[PDB]
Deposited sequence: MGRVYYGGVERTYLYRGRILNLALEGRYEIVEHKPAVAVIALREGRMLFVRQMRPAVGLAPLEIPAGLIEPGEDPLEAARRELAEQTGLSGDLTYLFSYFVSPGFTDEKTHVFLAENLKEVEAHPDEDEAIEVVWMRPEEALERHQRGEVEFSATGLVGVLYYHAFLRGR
């Protein structure tokens, strides 16, 4: 594997004819309260718009998935809760090694008090808005919506 670029959050490598983008692993937090899911939005230069996501971020040096999940939740929404590991997935294995660890957060409590918009919204509404072409989803946002519909109803 030869490297053509070593950047901040990614390295561009070449493994034969395969173009490979190395990327730090990430975490995402699914949190439901009073029927609303905790989404977040921020301008994403890579896509030119603000998709609907759930609290997510990169795992920092010395951090394990659970600790990163806790930090991301607090820094982006000012909340903390009881976290449970759910599952993980490679965002796009065809070209990048970015792996995302998803957690569920319960018993949320505000521990703290601008570039990231906190968007509490019923998953049913996020889905319909998306179906209407009004809002876009990040993989984390869609996973949160589907997860809710499958195991958090009732």
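- Of the deposited sequence, the ranges 1-10, 124-128, 170 have no C-alpha coordinates according to the record.
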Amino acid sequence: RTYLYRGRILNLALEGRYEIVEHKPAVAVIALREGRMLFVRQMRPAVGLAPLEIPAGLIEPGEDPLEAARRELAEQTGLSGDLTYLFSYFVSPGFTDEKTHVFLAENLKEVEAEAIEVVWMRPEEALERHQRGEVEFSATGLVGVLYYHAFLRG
From here on, numbers count along this sequence of modelled residues.
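- The mean Cα B-factor in the deposited entry runs higher for 1-9 than for the other of 143-151 and 1-9.
- Once the C-alpha B-factors are averaged per stretch, 130-138 and 13-21 rank with 13-21 first.
- For the set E112, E98, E125, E63, the PDB entry puts the maximum C-alpha B factor at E112.
- Taking only the listed residues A56, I116, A105, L38, the entry reports the highest CA temperature factor at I116.
- In this PDB entry, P51 carries a Cα temperature factor that places it within the middle third of its chain's modelled residues.
- In the deposited entry, the Cα temperature factor of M43 places it in the highest third of its chain's modelled residues.
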